[PDB]
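Participant: Protein chains in written order, with the deposited numbering: chain A, 500 to 548; chain B, 699 to 748.
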Amino acid sequence: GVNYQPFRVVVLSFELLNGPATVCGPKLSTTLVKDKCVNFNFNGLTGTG
Amino acid sequence: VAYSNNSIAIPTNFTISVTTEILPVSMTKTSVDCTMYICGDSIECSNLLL
Ligand SMILES: *[C@@H]1O[C@H](CO)[C@@H](O[C@@H]2O[C@H](CO)[C@@H](O)[C@H](O)[C@H]2NC(C)=O)[C@H](O)[C@H]1NC(C)=O
């Protein structure tokens, strides 16, 4: 029966913003803009500054 | 004090004294931007604050 059928389980444990990240989602990088008010996405951190 | 029914003390000299009294008149006037303090310039925030 399905209840007794084998199930493969993978558990992913991770921290996101804190610490340097070598693993990232598939977003293309854009040229850095400075001295202007811009929305920024540094390593998954989003803010306007 | 030495007190007597027939005794009085009268000053034969005087002293001029200057003293300083300090009273606060005003306090700093302050204004607060409610959205800037709570939302921190976040576009997503302030929709809830409406
Ligand atoms: C009242 O007090 C003043 C001083 O507080 C006396 O004036 C002094 O007189 C002496 C001489 O006796 C001087 O050496 C001092 O220099 C004086 N002081 C000042 C500030 O001028 C004054 O003589 C006193 N009056 C009485 C009635 O005794």
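C-beta atoms are modelled at their ideal positions from N, C-alpha and C, and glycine is treated no differently.
1. Identify the residues that DSSP records as bridge partners of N542 (chain A): which are they?
2. Cβ of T728 (chain B) within 8 Å of any heavy atom in ligand 1?
3. Which chain B residues are close to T547 (chain A), counting only those with a beta carbon under 8 Å from its beta carbon?
4. Would you check if the stretch 530-546 of chain A and the stretch 500-520 of chain A touch, i.e. whether three or more CB-CB distances between them fall below 8 Å?
Facilitator: So, from the data block:
1. Locating residue 542 (chain A) in the first sequence gives position 43, counting from the first residue. None; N542 (chain A) has no bridge partner.
2. Counting from one through the second sequence, the residue named residue 728 (chain B) turns up at place 30. Not under cutoff, so the answer is no.
3. Here residue 547 (chain A) corresponds to residue number 48 of the first sequence, with the count starting at 1. The contacting residues are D739, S740 and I741.
4. Short answer: they touch.
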